[PDB]
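One file, entry-v6.cif, is given below (mmCIF, C-alpha atoms).
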data_target
loop_
_atom_site.label_atom_id
_atom_site.label_comp_id
_atom_site.auth_asym_id
_atom_site.auth_seq_id
_atom_site.Cartn_x
_atom_site.Cartn_y
_atom_site.Cartn_z
CA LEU A 6 78.77 130.42 114.44
CA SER A 7 78.63 127.37 112.04
CA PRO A 8 78.52 123.88 113.58
CA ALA A 9 82.26 123.53 112.75
CA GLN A 10 82.94 126.61 114.97
CA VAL A 11 80.99 125.12 117.95
CA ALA A 12 82.08 121.45 117.62
CA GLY A 13 84.67 119.90 119.90
CA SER A 14 85.37 119.21 123.56
CA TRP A 15 82.99 120.89 126.07
CA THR A 16 82.73 120.66 129.86
CA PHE A 17 79.24 120.79 131.39
CA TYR A 18 78.36 121.52 135.02
CA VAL A 19 75.57 123.05 137.09
CA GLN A 20 76.62 126.42 138.56
CA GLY A 21 77.50 125.93 142.26
CA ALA A 22 78.33 122.24 141.56
CA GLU A 23 81.58 122.67 139.48
CA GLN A 24 83.10 119.55 141.18
CA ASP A 25 80.45 117.42 139.31
CA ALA A 26 81.60 118.25 135.74
CA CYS A 27 81.16 116.15 132.57
CA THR A 28 83.29 116.45 129.39
CA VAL A 29 81.28 115.74 126.16
CA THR A 30 82.32 115.93 122.51
CA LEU A 31 79.99 117.95 120.24
CA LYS A 32 80.60 116.10 116.98
CA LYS A 33 80.76 118.12 113.69
CA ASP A 34 77.61 116.22 112.46
CA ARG A 35 75.61 117.79 115.38
CA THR A 36 75.57 114.66 117.61
CA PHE A 37 77.38 114.00 120.89
CA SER A 38 79.82 111.45 122.24
CA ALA A 39 78.23 108.81 124.55
CA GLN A 40 79.38 110.88 127.60
CA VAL A 41 76.26 113.13 126.97
CA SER A 42 74.44 110.49 129.16
CA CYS A 43 75.60 112.69 132.14
CA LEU A 44 73.13 115.48 131.22
CA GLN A 45 70.25 113.08 132.20
CA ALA A 46 71.02 114.02 135.85
CA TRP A 47 70.37 117.72 135.03
CA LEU A 48 67.82 117.96 132.16
CA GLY A 49 64.29 116.52 131.82
CA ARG A 50 65.00 115.63 128.17
CA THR A 51 68.34 113.94 127.31
CA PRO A 52 69.86 115.65 124.21
CA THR A 53 70.67 113.62 121.05
CA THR A 54 71.52 116.54 118.70
CA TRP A 55 72.49 120.21 118.87
CA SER A 56 72.17 123.31 116.70
CA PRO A 57 73.85 126.70 117.02
CA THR A 58 71.78 129.92 116.88
CA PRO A 59 72.99 133.48 116.33
CA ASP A 60 73.18 134.13 120.11
CA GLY A 61 73.28 130.66 121.64
CA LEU A 62 72.87 126.94 121.27
CA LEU A 63 69.97 124.43 121.20
CA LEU A 64 70.31 120.99 122.74
CA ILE A 65 67.58 118.86 121.12
CA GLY A 66 65.97 115.62 122.30
CA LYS A 67 65.29 112.47 120.30
CA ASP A 68 61.81 113.67 119.18
CA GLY A 69 63.16 116.97 117.89
CA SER A 70 61.93 118.98 120.92
CA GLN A 71 64.05 121.42 122.94
CA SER A 72 66.13 119.90 125.76
CA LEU A 73 67.68 123.34 126.54
CA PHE A 74 68.54 126.70 124.99
CA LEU A 75 71.84 128.20 126.24
CA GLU A 76 72.92 131.80 125.70
CA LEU A 77 76.42 132.55 124.33
CA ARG A 78 78.24 134.47 127.08
CA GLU A 79 81.78 134.89 125.67
CA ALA A 80 84.13 132.86 123.49
CA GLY A 81 83.75 129.15 124.30
CA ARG A 82 81.05 129.56 127.01
CA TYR A 83 77.26 129.07 127.03
CA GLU A 84 74.85 129.27 130.01
CA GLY A 85 71.27 127.96 130.08
CA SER A 86 68.48 128.45 132.63
CA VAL A 87 67.27 125.04 133.81
CA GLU A 88 63.97 124.17 135.67
CA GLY A 89 64.46 124.42 139.47
CA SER A 90 66.25 127.82 138.91
CA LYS A 91 69.60 126.13 138.12
CA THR A 92 72.18 127.33 135.48
CA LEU A 93 73.90 124.77 133.22
CA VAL A 94 77.30 126.01 132.12
CA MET A 95 79.14 124.63 129.10
CA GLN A 96 82.71 125.80 128.51
CA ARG A 97 85.45 124.55 126.21
CA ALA A 98 88.24 122.88 128.25
#
Can the structure in the file be given as structure tokens, please?
Amino acid sequence: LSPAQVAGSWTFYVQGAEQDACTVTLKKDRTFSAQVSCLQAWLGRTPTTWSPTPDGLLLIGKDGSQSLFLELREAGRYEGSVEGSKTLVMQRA
């Protein structure tokens, strides 16, 4: 998937904690709307950019290092294994 095919409105939450969900725009230029601040509660490294891969998505920190890799599960859904054996879900809408 090109960036244009992954960009847009996404909802992030930690599996089991769906009530604590954060909507973030993935901008076409591979940045995020300011709302990405919410991922600080969940990730060690706050993401500033993103990049699609053939099978998933990279959230990347300010120094160019990996904040998280998420696997593509099905159309409009990625899931990534976080430290502390948590799963971060990102789904369109």
> What separation in Å, quoted to one decimal, exists between CA of residue 85 in chain A and CA of residue 34 in chain A?
Replying inline: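 We find that CA of residue 85 in chain A and CA of residue 34 in chain A lie 22.1 Å from each other.
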>> Can you spell out as a ChimeraX atom specification the set of residues that the PyMOL selection byres ((chain A and resi 30) around 10) selects in the structure I just provided?
In response: /A:12-16,28-29,31-33,35-41,97
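Among the candidate residues A:20, A:92, A:67, A:11, the one lying nearest to residue 80 in chain A is A:11, with distances computed using only C-alpha atoms.
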>> My list of candidates is A:22, A:75, A:98, A:87. Which is closest to residue 57 in chain A when distances are computed with all atoms listed in the file?
In response: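 Nearest to residue 57 in chain A: A:75.
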>> Restricting the calculation to all atoms listed in the file: of A:9, A:95, A:19, A:48, which residue gets closest to residue 73 in chain A?
In response: A:48
> Nearest to residue 54 in chain A: which of A:88, A:79, A:27, A:8 is it, counting all atoms listed in the file?
Replying inline: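 Looking only at the distances to residue 54 in chain A, the closest residue turns out to be A:8.
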Just say which residues the PyMOL selection byres ((chain A and resi 71) around 12) picks in this file, as a short mmCIF file (atom, residue, chain, number, x, y, z; two decimals) with C-alpha atoms, keeping the file's coordinate frame.
data_model
loop_
_atom_site.label_atom_id
_atom_site.label_comp_id
_atom_site.auth_asym_id
_atom_site.auth_seq_id
_atom_site.Cartn_x
_atom_site.Cartn_y
_atom_site.Cartn_z
CA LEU A 48 67.82 117.96 132.16
CA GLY A 49 64.29 116.52 131.82
CA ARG A 50 65.00 115.63 128.17
CA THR A 51 68.34 113.94 127.31
CA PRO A 52 69.86 115.65 124.21
CA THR A 53 70.67 113.62 121.05
CA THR A 54 71.52 116.54 118.70
CA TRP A 55 72.49 120.21 118.87
CA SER A 56 72.17 123.31 116.70
CA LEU A 62 72.87 126.94 121.27
CA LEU A 63 69.97 124.43 121.20
CA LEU A 64 70.31 120.99 122.74
CA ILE A 65 67.58 118.86 121.12
CA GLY A 66 65.97 115.62 122.30
CA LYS A 67 65.29 112.47 120.30
CA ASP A 68 61.81 113.67 119.18
CA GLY A 69 63.16 116.97 117.89
CA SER A 70 61.93 118.98 120.92
CA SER A 72 66.13 119.90 125.76
CA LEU A 73 67.68 123.34 126.54
CA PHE A 74 68.54 126.70 124.99
CA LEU A 75 71.84 128.20 126.24
CA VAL A 87 67.27 125.04 133.81
#
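Rounded to one decimal, CA of residue 96 in chain A and CA of residue 21 in chain A lie 14.7 Å from each other.
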